[PDB]
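Quick heads-up: it's one chain on its own, the form deposited in one PDB entry, in structure tokens.
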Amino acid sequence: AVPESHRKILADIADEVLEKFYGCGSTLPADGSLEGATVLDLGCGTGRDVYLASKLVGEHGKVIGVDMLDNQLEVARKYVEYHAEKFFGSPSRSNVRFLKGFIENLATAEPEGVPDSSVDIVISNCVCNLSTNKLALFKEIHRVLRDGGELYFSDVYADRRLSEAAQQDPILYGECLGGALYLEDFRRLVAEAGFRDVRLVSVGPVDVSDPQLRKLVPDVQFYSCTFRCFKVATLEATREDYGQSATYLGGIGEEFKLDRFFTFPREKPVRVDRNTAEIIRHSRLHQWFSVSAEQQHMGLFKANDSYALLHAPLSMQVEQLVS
């Protein structure tokens, strides 16, 4: 937890914001990739993650938080000036705002709604499983994102379908296990929402130890997954070879790790499927990459040392890439 680069910025953030923040922090993409981005944190709380992003996006970027806990927002809302001077030398130069509303309908949040195609990166940590309608949440994320933008988030998933009994249990529900999707049900739902290519960034195990809770979910394996789901018009459901290479140019780290299949060393050409090329080309990432032209179609993409897993269901990717 807590990368070194963030550590200094957190030391700067108002102690009331940190003391009262509920939850784990939203993980963020590589810091350099955030410059100038518009970022939205679903379930922002006291604003810990909003304020951290504020600094990293710089003065041209902007950050929006949403949440419906009155108490937590009121804290967030009154340290705007604080952080605008601590990051940007004047108290009237804040690049952030907090909105009150259900994450399921961003359009009706207060002061203002989040308009269509206005956001580069949507972040959240552990909001979906406590959510009332997952599909409507995902559809709404897709609405607010611009082309090339991404949902970059962490949640709890399961390696199989939970029983109605487990879904009804209030302790399980509250731990965000009860509402966990089977990963394949997840992949289909999110695709029905418009996101056709889901990329695994990292995965951790989650254990249920308490013997009676465990009895509702006997052999179920839960995982904490961070996924990134780009909104890019040209993506297909399959990962197809059109003979391309991408080359990370430098500037935002020694190397760029797109997901658990694709790592790009500075100035070394790496062969890529066309989905991966389109993500690079239409996302903010284009700035730090060179992507070669589409040739003739060559079949499914195999020029990767884990290609069989690359095409396998999410379930197999996750379980293999923990162990």
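Note that residue numbering follows the sequence shown and begins at 1. For the two forms, the rigid core is made up of the largest set of C-alpha atoms that agree within 1.5 Å on superposition.
Using the B-factors recorded in the PDB entry, average over the C-alpha atoms of 254 to 262 and of 66 to 74, then report which stretch comes out higher. The entry gives the higher C-alpha B-factor average to 66 to 74.
Which is higher on average in the deposited entry, the C-alpha temperature factors of 22 to 30 or of 45 to 53? So the stretch with the higher mean C-alpha B-factor is 22 to 30.
Which of these has the highest Cα B-factor in the record: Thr132, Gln221, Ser118, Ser224? Answer for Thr132, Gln221, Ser118, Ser224: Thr132, with the highest C-alpha B-factor.
Out of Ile123, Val201, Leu106, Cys229, whose C-alpha atom has the biggest B factor in the entry? Largest recorded C-alpha B-factor: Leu106.
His297 CA temperature factor, ranked by third within the chain: Lowest third, going by the recorded CA B-factors of the chain.
Could you tell me which third, lowest, middle or highest, the C-alpha B-factor of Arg187 occupies within its chain? Bottom third by C-alpha B-factor.
Would the CA B-factor of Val17 place it in the lowest, middle or highest third of its chain? As the PDB entry reports it, the C-alpha B-factor of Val17 lands in the middle third of its chain.
Select lowest, middle or highest to describe the third in which the CA B-factor of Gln212 falls within its chain in this entry. Highest third of the chain for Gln212's C-alpha B-factor.
Should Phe98 be placed in the lowest, middle or highest third of its chain by the C-alpha B factor in the entry? It belongs to the middle third of the chain when residues are ordered by C-alpha B-factor.
Here the subject shifts to the form solved in complex with a small molecule, a form of this protein not shown in this document.
My question is simply whether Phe102 lines the interface with the small molecule in the deposited bound form - judged by any non-hydrogen atom within 4.5 Å. Heavy-atom contact with the small molecule at 4.5 Å: present for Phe102.
If you check in the deposited bound form, is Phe21 within 4.5 Å of the small molecule, heavy atoms only? Yes, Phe21 sits close enough to the small molecule in the deposited bound form that at least one of its heavy atoms falls within 4.5 Å.
Would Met68 show up as a contact with the small molecule in the deposited bound form if we use heavy atoms at 4.5 Å? Contact with the small molecule, yes.
So in the deposited bound form, is the small molecule close enough to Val217 to count as touching (4.5 Å, heavy atoms)? Although the small molecule is absent here, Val217 would stay clear of it in the deposited bound form, with no heavy atoms inside 4.5 Å.
Answer option from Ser54, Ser26, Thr46, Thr276, heavy atom within 4.5 Å of the small molecule in the deposited bound form: Answer to the contact question: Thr46.
Could you work out which of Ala246, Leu235, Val127, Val96 is the residue within 4.5 angstroms of the small molecule in the deposited bound form, going by heavy atoms? Looking at the other structure, the residue within range turns out to be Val127.
If contact means any heavy atom within 4.5 Å, which of 55 to 63, 36 to 44, 262 to 270, 287 to 295 contacts the small molecule in the deposited bound form? Result for this chain: 36 to 44.
Compare C-alpha positions between this form and the one not shown after fitting on the rigid core and state which of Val119, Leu183, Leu162, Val80 moves by at least 2 angstroms. None of the others reach 2 Å, which leaves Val80.
Determine whether the C-alpha of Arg48 shifts by 2 Å or more between this form and the one not shown once the rigid core is superposed. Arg48 C-alpha, core-superposed: shift of 2 Å or more.
Tell me, please, whether between this form and the one not shown the C-alpha of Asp305 is shifted by 2 Å or more, with the rigid core used for superposition. No, its C-alpha moves less than 2 Å.
Core-aligned, is the CA shift for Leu106 between this form and the one not shown 2 angstroms or more? Where the cores coincide, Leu106 shows only a C-alpha shift between this form and the one not shown that is less than 2 Å.
Since the Cα separation of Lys20 and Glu175 moves by 3 Å or more in the deposited bound form, tell me which way: closer or farther than here. Closer: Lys20 and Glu175 approach by 3 Å or more in the deposited bound form.
Do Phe21 and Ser224 move together or apart in the deposited bound form, judged by C-alpha distance changing 3 Å or more? Pair moves closer in the deposited bound form.
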